[PDB]
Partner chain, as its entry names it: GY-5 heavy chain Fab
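Only one chain is included here, represented as structure tokens and corresponding to the form deposited without its partner chain.
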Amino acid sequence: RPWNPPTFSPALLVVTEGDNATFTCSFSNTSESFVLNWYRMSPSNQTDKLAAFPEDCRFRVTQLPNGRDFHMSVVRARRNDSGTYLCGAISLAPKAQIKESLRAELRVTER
């Protein structure tokens, strides 16, 4: 069962502080046996998990009802929230396996 990793759009978000920064992770899923994870890269350059679908407080994931897309938002985004973000699909269908997205950049502009 060869399946492709999810995609994480947009590649660059430039949000003013205090607003809601919304990424969109899209996953063409071979099965229903999977969860989704939203990672943010640390200064140590490995994934820190923020939130997962299904289930912090400022990191909410929602399932867009088209069966393909997910909204992963930063509510009241702070300045130091700028960094590298990505999503990852964890399949539970035969052979548990994690396939990360392409990393995307977030920039928060000061008011």
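Shifts are known only where both forms have a C-alpha. Basically, rigid core = biggest C-alpha set you can superpose within 1.5 Å across the two forms. Numbering follows the first chain given and starts at 1.
We do not show the form solved in complex with its partner chain, though everything after this point is about it.
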{"item": "Proximity of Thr62 to its partner chain in the bound PDB entry, heavy atoms at 4.5 Å", "value": "no"}
{"item": "Yes/no, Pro94 Cα shift of 2 Å or more between this form and the one not shown with rigid core fixed", "value": "yes"}
{"item": "Moved runs of 3+ residues, each with a C-alpha displacement of 2 angstroms or more between this form and the one not shown on the rigid core", "value": "3-5, 92-97"}
